[PDB]
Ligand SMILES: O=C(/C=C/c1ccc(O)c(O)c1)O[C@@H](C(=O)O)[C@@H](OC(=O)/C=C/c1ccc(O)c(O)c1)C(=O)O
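Only one chain comes next, encoded as structure tokens, the form deposited without the ligand.
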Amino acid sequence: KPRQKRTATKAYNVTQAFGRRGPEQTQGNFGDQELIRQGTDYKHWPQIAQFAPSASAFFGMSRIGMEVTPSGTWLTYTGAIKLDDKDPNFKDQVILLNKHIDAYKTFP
């Protein structure tokens, strides 16, 4: 399956589907050890997925580009998604994102 369409699960985890977490611009940086191991089976996956864009919003909100590099032709994307301050779960959302962003830095 094309990388962008893969779904990580316990049987095909985040590392298998998307590579090890790391600091390089080509690597993903998101997920603690539990999320990496379980993917969409993770107990808080719905609270993470609520921030992922629909296909329409991915192409609607993002700055899209095309780059040719030695490894191939790449569709680049960047953007920002605002959290809802008024959501009663806002503080829990902040804690959850903080637990996963750059979590790999403290892995043994």
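The first residue of the shown sequence is 1; numbering continues from there.
We do not show the form solved in complex with the ligand, though everything after this point is about it.
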Spell out, yes or no, whether the shortest heavy atom distance between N13 and the ligand in the deposited bound form is within 4.5 Å. yes
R20 within 4.5 Å of the ligand in the deposited bound form, heavy atoms: yes
Is the gap between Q33 and the ligand in the deposited bound form 4.5 Å or less for some heavy atom pair? yes
Go through 93-108 residue by residue and record those having a heavy atom within 4.5 Å of the ligand in the deposited bound form; state none if no residue qualifies. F107, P108
